[PDB]
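**Student:** Need a 3D model of the sequence below.
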Amino acid sequence: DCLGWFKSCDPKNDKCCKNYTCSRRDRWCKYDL
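**Tutor:** Numbering: from 1, shown residues only. Next comes the structure:
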């Protein structure tokens, strides 16, 4: 499964779903697409 956004992730080892992106700035997944 994946993470929903606002959950903490690693942008290079992204575990969040697509449409959302894992932020290197916020260090968590966000909806930005």
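**Student:** Checking residue 29 next. Helix, strand or coil?
**Tutor:** Following DSSP: H, G, I helix; E, B strand; the rest coil, residue 29 is assigned to strand.
**Student:** For it, give the beta-bridge partners.
**Tutor:** Beta bridges link residue 29 to residue 22 when assigned by DSSP bridges.
**Student:** That one and residue 9 touch, don't they?
**Tutor:** Yes - counting by C-beta atoms under 8 Å, residue 29 touches residue 9, with 4.9 Å between them. For the C-beta atoms, the positions are set from N, CA and C on the backbone; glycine is no exception.
**Student:** Which residues are in contact with each of those two?
**Tutor:** Counting by C-beta atoms under 8 Å, 6 or more residues apart in numbering, the shared contacts of residue 29 and residue 9 are 3, 16, 22.
**Student:** Excluding chain neighbours, what is closest to residue 3?
**Tutor:** In space, not counting the residues next to it along the chain, residue 3 is nearest to residue 16; the distance is 4.4 Å by C-beta to C-beta, 6 or more residues apart in numbering.
**Student:** residues near the one you found, how many?
**Tutor:** Around residue 16 sit 23 other residues, with neighbours defined as other C-beta atoms under 10 Å.
**Student:** Let me see the contact set for it.
**Tutor:** Shown in contact with residue 16 (C-beta under 8 Å, 6+ apart): 2, 3, 4, 5, 7, 9, 22, 29.
**Student:** any chance of those residues in JSON lines, plus neighbour count and secondary structure?
**Tutor:** Putting the contacts of residue 16 into JSON lines (neighbours: other C-beta atoms under 10 Å; DSSP: H, G, I helix; E, B strand; the rest coil) gives the following:
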{"residue": "2", "neighbour count": "13", "secondary structure": "coil"}
{"residue": "3", "neighbour count": "16", "secondary structure": "strand"}
{"residue": "4", "neighbour count": "11", "secondary structure": "coil"}
{"residue": "5", "neighbour count": "19", "secondary structure": "coil"}
{"residue": "7", "neighbour count": "14", "secondary structure": "coil"}
{"residue": "9", "neighbour count": "23", "secondary structure": "coil"}
{"residue": "22", "neighbour count": "23", "secondary structure": "strand"}
{"residue": "29", "neighbour count": "24", "secondary structure": "strand"}
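**Student:** I'm done for today, thanks for sticking with me.
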